[PDB]
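See below for the structure under consideration.
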Amino acid sequence: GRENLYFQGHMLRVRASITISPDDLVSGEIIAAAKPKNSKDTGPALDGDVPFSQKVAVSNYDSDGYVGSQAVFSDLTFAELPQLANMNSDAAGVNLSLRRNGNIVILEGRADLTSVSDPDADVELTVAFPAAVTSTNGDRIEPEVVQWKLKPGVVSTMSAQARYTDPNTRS
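The opening position of the sequence shown corresponds to residue 32 in this note's numbering, with each subsequent residue numbered one higher.
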């Protein structure tokens, strides 16, 4: 009992790719993958016992020689996103905040991973929406799909604004 059990990642991949529908319905997948290093690990696990765990399948990720965990969620709603983000944050160390501005949604996020111990860390966010982006601060591939490359050592802010029909239809 009690061995030197602390492992840095070193070339870890975090890819969050989520797709949100204007129906206030959100779905997607968050992959946090790290290199094994020790045989006890089949995939460093996400800690996310959320109230909607039935709507998010967190499972072990084993691909590319990376082992980690992935959270694959579907049929979630706008309110569930912050709570979802909690689990994500356990392996991310970043902050995400979504808010509605009338009937358009603003997504605010900041990733400060300056203090990361690994230069080969790659944190990547991809948001796909079958709507249309009004304003974003990141790299839009499509007018409805935006991606952010969060790099270690540096700080990056991520913002995405798009129009999505509010369930209450407020403003």
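Just so it is clear, CB atoms sit at the ideal spot from N, CA and C, and this is done for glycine as well.
Quick check: the Cα distance between residue i and residue j, rounded to an integer number of angstroms?
i       : j       : result
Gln-85  : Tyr-37  : 31 Å
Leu-112 : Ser-105 : 11 Å
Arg-201 : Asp-72  : 48 Å
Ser-148 : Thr-108 : 34 Å
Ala-102 : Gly-169 : 23 Å
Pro-67  : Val-57  : 31 Å
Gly-184 : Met-42  : 13 Å
Once the 5 residues before and after residue i are set aside, which same chain residues still bring their CB inside 6 Å of it?
i       : result
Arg-130 : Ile-137
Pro-75  : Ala-65 and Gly-99
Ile-49  : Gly-59 and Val-158
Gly-40  : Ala-65 and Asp-149
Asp-153 : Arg-44
Should residue i and residue j be called a contact, given that it needs their Cβ atoms to be closer than 8 Å?
i       : j       : result
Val-164 : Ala-142 : no
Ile-61  : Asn-119 : yes
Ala-123 : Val-186 : no
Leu-156 : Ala-47  : yes
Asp-197 : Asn-132 : no
In three-state terms, what does DSSP make of residue i?
i       : result
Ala-122 : helix
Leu-112 : helix
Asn-168 : strand
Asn-199 : coil
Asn-117 : helix
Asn-132 : strand
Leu-36  : coil
Which residues share a DSSP beta bridge with residue i?
i       : result
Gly-140 : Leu-127 and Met-189
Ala-76  : Its beta-bridge partners do not exist; DSSP assigns none.
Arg-46  : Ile-62 and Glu-155
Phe-104 : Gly-59 and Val-87
Quick one: what's got a C-beta closer than 7 Å to residue i's C-beta in the same chain, skipping five residues either side?
i       : result
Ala-116 : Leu-127
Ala-162 : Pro-53, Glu-175, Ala-193, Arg-194 and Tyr-195
Is any non-hydrogen atom of the ligand MN found closer than 7 Å to the C-beta of residue i, if you look at the structure I gave you?
i       : result
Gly-133 : As far as ligands go, the structure on display features none, and thus does not contain the ligand MN.
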